[PDB]
Each structure stands twice: as structure tokens, then as C-alpha cells.
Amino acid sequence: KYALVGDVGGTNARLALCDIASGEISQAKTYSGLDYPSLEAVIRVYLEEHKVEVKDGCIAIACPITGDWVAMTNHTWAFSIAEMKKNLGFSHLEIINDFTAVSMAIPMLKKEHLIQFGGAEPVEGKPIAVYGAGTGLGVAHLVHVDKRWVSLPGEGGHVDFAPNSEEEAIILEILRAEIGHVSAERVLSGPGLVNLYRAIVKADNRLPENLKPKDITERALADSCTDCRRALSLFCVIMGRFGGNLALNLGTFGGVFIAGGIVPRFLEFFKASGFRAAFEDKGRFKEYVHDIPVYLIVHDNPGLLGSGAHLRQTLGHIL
């Protein structure tokens, strides 16, 4: 009747139960990864606090899933998938990338979970691209073949940052002299927002403050600091440029989806930003992406919802 679903990112692990018949998510609880020694220990606690027998599960984790060994870059947890499934006695245990799960949540979303940013209307049967600026920059794609939804994972957040304008080029130069390779995550993320502010200040021959991401948005929203105001606007433009590159690359006439990370915290600024202009700023191919819609997912837990969908399809349910 019920299956276990999870969304683990860095220091937070979120666990919930999923209705096998319908895919509804219920009984969601967030745990702290610092207070538990392993992912397995957290699952043991959840399964007894809720008095539910569970035999199938699917956990989303924010790191590359390649083989049986899962080592978290942000967290210290590391485990073998086949051993956890045996240890917990599960019949199915699916370990997937966090944006693999987010991509799988799209067929479950209603119109009330989306806010459109330009474009006209999706083309049925054409690919879909998903990305989000959160702890890092996650990217995934989704294609419908026959009756199966096929998620295409990857590490698209670590491709080379692609500056277009002179302002964007100046950011690359300051970041390049610090770390070498500058990936898109270094600018399109929570820490990326800090990098934008630091480089904009360093370019003015000044030392940046030790500002946290939430500080930069709040000062930019209050217009109390021009360095932060510039950073936030530059972030919104780079967001559109990244998404427009994805849409061209995979011909995603099914739409481009933004899994809400830090963006919903400055949603009104985002709507008035230059995001949509940057999305279409593609030379002779502005008209190619002009009608492709863009959606922000305001669902409070797409990762849990899409973990259940991925499992149910794996178990033979048609979404």
C-alpha cells in the first residue's frame, strides 16, 4: 500500500510515505544529517515512528549516481546501494539523482503548481528540460517514449559558464583567477549568488563583505546596496541564458522547467527581471525558442513526488 520516498540534500534528509495506488505523498518529515551517522539509520527511525511496514523504496540524493557506491560531495555519508537494500530487507530500492526525481514529478503536477514565464504552449511528445539553482545547479531532461516517461540524468550544472556580455565576461575573469575552471554552478546557485556579489565588488577594486546568500537578496530587494542589486539582476539574466541553451540543445518544445530553489524567495523581482529576454537572446535562433514555455515549479516537494512516480513506473504503473 505504502512505499518509502526520500529527498536527501547535504545536511537535510526528508522522508515520506507514498500511496502505491495513487502516488499521493503523506507523512513528510525532515531530519538533520548531522544528528545521524548514516542514511540507513535515518530510515530505521522513520519506519518505526510511523508504524508502517514498507518493502519498496526510492530515495533521491543530490550527487552523481553512477554505480553501486554513492559518496556525497557535500555530506560525509557514503554507502552501497545493494547492501542497504539487503540490510533494510527491501524488495526494490531505487537510488536516483535529485533532479532525476524532480524531472519525474512533472507528469504529476497540476496547473496550480506552475507559474509561466513567457512562451506559448508545450508541444506534446517533445522533450522537456529541468534545472534549478539551489545548493548547486541540477539539470535533467525528460522524454516520453510510447507509454513510459524516461528521465535523462546528468551533471549539466558543471558545464563551462558561457558569458555573453562584457559584464558577464568580467565575472569569468575574476572567478577564473581563483579556481581555474568556472562552471555554471559557480554563478547559478546559492553560493553562486555570493560569487556574483564578490566579483562585482572585486572588479571595483574593493573587498567584499562576508555576505550569505539570503543577505544578498534582502539587500537587493531593499535597494540598500547596489553591489547586491547588480548581483541579483545578473543572476536572473544568467538564469535565462542557461535555460535557453538547454532548450536549443535538446529541442525541448515540451517546455523548460525551473525547480524552485532560491528563486521563489525573490519571486516578484524575478518576474520583473530580464530573465525572459536573456532566454531568447540567441541570434538567428530567437524565433526557435520564442514560443517554448518556461515554468517555475512552486510545488513544495517535487523531489518526494517524483521519487514516488519513478518507483511506481518502475513497479509497472502507468503515469
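Residue indices: 1-based, along the sequence shown.
When the mean C-alpha temperature factors of 28 to 36 and 285 to 293 are read from the deposited coordinates, 28 to 36 comes out higher. Legend: mean Cα B-factor per stretch from the PDB entry, 211 to 219 versus 109 to 117; the higher mean is in 211 to 219. If you compare the C-alpha temperature factors of 256, 277, 62, 54 in the entry, 54 comes out highest. Residue set 263, 272, 58, 41: peak C-alpha B-factor at 41 (per PDB entry). Split the chain's modelled residues into thirds by C-alpha temperature factor. Residue 168 is in the middle one. Per the PDB record, residue ranking by Cα B-factor puts residue 141 in the lowest third of the chain. Annotation for residue 122: CA B-factor lies in the lowest third of the chain's modelled residues.
Residue 99 sits in the lowest third of its chain by CA B factor, as recorded in the PDB entry. Among all modelled residues in this chain, the alpha-carbon of residue 204 has a temperature factor (C-alpha) in the highest third.
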